[PDB]
Amino acid sequence: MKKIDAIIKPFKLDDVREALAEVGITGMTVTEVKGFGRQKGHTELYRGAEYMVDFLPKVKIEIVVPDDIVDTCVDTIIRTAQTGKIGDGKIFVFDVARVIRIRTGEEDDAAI
Amino acid sequence: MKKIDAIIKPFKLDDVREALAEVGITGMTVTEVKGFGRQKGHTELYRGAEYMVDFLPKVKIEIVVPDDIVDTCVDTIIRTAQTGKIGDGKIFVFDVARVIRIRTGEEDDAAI
Amino acid sequence: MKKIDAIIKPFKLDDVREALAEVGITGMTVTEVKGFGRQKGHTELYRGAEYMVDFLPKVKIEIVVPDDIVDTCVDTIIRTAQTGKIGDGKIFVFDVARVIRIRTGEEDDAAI
């Protein structure tokens, strides 16, 4: 299994959530984060500001999934979250060593 | 060392926080997230809704710990956070490559 | 590439954000978390409390970066976020398997 961390623009969330619902995905956790850098009209991180803020609110999605379906998920996320403009974000895939369902105390083969 | 990411039901947090306090754990960070899918009365993710929301607020706990004690922590979390009902969540263990204490600039053996 | 997760004291954020801006870093996501344990005047996690809270609000920064520059980032973070007091936090570096830019559907060599 692999973990996917996609930090997308907050308004794509539904289109993405729905698209993954179609590809057989169940279970998703969304974190609201502060995005820094890579924004329209700007070409500077930090910037100082004083009265202005330097962040663009973002949405981080997290999902662990089998290796086989990894490419469907990334291919689908890129499809539903991409605008072709600055600020689209990235997808990072990490390797999970173990995954246990709390309700049963039962583990999943982290190698599938 | 290994990292444990448990997304539990928000009301189990204390029972878990306390139980890990007993097993020698120090240091924990809690993130409040939006949980999607696997909920009572529902059998659909996304769902559309319109006026209804589709998420159940969750609590994500994060802790890095030695390999030896990994199983005590998961065994303890399952014990304190499990309700035997739908929505209990999962525990994911990841491998940490490096861990540095900011205060000293001192590193820990990430292989213990 | 490697992922850096630094949970610092919330007031160091700017000094850190700026320092990384100088070292060539672009892109950062900040999550506001609840920090548990390791606090001045306290020597107990959980504590029970009743009317008191047991957490200290923290700031989690996340950045994926090339392997070569990993040590500049950790060395810089320790420099800008360290107070030499209790509660400074840690930096954890994880290995990223894949990183895709959503806007182009283009991947980066996760091995650099």
# chains A, B, ... in the order shown; residues from 1 in each chain; ligands from 1
>>> residues_around(residues="stretch 66-75 of chain C", least_positions_apart="6", cutoff="7 Å", atoms="only C-alpha atoms", output="ChimeraX atom specification")
/C:1-2,20,112
>>> write_last_selection(atoms="C-alpha atoms", output="PDB file, in the first residue's frame")
ATOM      1  CA  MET C   1      13.784  13.843  -2.184  1.00  0.00           C
ATOM      2  CA  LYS C   2      12.839  13.954   1.507  1.00  0.00           C
ATOM      3  CA  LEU C  20      13.978  29.053   4.233  1.00  0.00           C
ATOM      4  CA  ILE C 112      17.327  13.710  -6.186  1.00  0.00           C
TER       5      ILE C 112
END
>>> interface_residues(of="chain A", to="chain C", cutoff="10 Å", atoms="only C-alpha atoms", output="PyMOL selection string")
chain A and resi 2-8+31-39+43-48+55-60+74-75+77-95
>>> select_by_dssp(residues="chain C", states="helix (DSSP H, G or I)", output="ChimeraX atom specification")
/C:13-22,70-81
>>> select_by_dssp(residues="stretch 59-111 of chain C", states="strand (DSSP E)", output="ChimeraX atom specification")
/C:59-65,90-95,98-101,106-108
>>> write_last_selection(atoms="N, CA and C atoms", output="compact mmCIF listing (two decimals), in the first residue's frame")
# COMPACT_ATOMS: atom_id res chain seq x y z
N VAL C 59 2.69 24.64 15.69
CA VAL C 59 2.66 24.89 14.27
C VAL C 59 3.48 23.82 13.56
N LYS C 60 2.84 23.09 12.66
CA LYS C 60 3.52 22.06 11.92
C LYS C 60 3.80 22.56 10.52
N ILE C 61 5.05 22.50 10.10
CA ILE C 61 5.46 22.91 8.76
C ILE C 61 5.78 21.65 7.99
N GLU C 62 5.45 21.64 6.70
CA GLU C 62 5.75 20.50 5.84
C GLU C 62 6.36 21.00 4.54
N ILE C 63 7.45 20.36 4.13
CA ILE C 63 8.15 20.69 2.91
C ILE C 63 8.88 19.47 2.36
N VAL C 64 8.79 19.25 1.04
CA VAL C 64 9.53 18.15 0.40
C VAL C 64 10.66 18.88 -0.32
N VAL C 65 11.85 18.31 -0.30
CA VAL C 65 13.02 18.99 -0.84
C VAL C 65 14.07 17.97 -1.35
N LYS C 90 10.57 19.01 17.35
CA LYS C 90 11.48 18.18 16.56
C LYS C 90 11.23 18.29 15.07
N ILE C 91 12.20 17.76 14.31
CA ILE C 91 12.16 17.73 12.87
C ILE C 91 12.24 16.25 12.54
N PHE C 92 11.37 15.80 11.64
CA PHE C 92 11.35 14.41 11.22
C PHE C 92 11.49 14.43 9.71
N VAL C 93 12.39 13.62 9.17
CA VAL C 93 12.54 13.58 7.73
C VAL C 93 12.10 12.21 7.22
N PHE C 94 11.19 12.22 6.25
CA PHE C 94 10.64 10.99 5.68
C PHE C 94 11.03 10.90 4.22
N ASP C 95 11.01 9.70 3.67
CA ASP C 95 11.35 9.53 2.27
C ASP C 95 10.08 9.54 1.42
N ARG C 98 7.08 9.39 -4.61
CA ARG C 98 6.70 10.09 -5.83
C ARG C 98 6.15 11.49 -5.53
N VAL C 99 6.41 12.44 -6.43
CA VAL C 99 5.93 13.82 -6.30
C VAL C 99 5.49 14.30 -7.70
N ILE C 100 4.20 14.57 -7.85
CA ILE C 100 3.63 14.99 -9.13
C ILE C 100 3.03 16.40 -9.06
N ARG C 101 3.37 17.28 -10.01
CA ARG C 101 2.76 18.62 -10.01
C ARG C 101 1.42 18.48 -10.70
N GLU C 106 3.04 16.39 -14.45
CA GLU C 106 4.45 16.07 -14.55
C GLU C 106 5.09 15.70 -13.23
N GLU C 107 5.92 14.67 -13.28
CA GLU C 107 6.60 14.16 -12.11
C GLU C 107 8.01 14.67 -11.97
N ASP C 108 8.51 14.60 -10.75
CA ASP C 108 9.85 15.00 -10.39
C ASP C 108 10.59 13.72 -10.00
>>> atom_distance(atom1="atom CA of residue B:24", atom2="atom CA of residue B:111")
18.9 Å
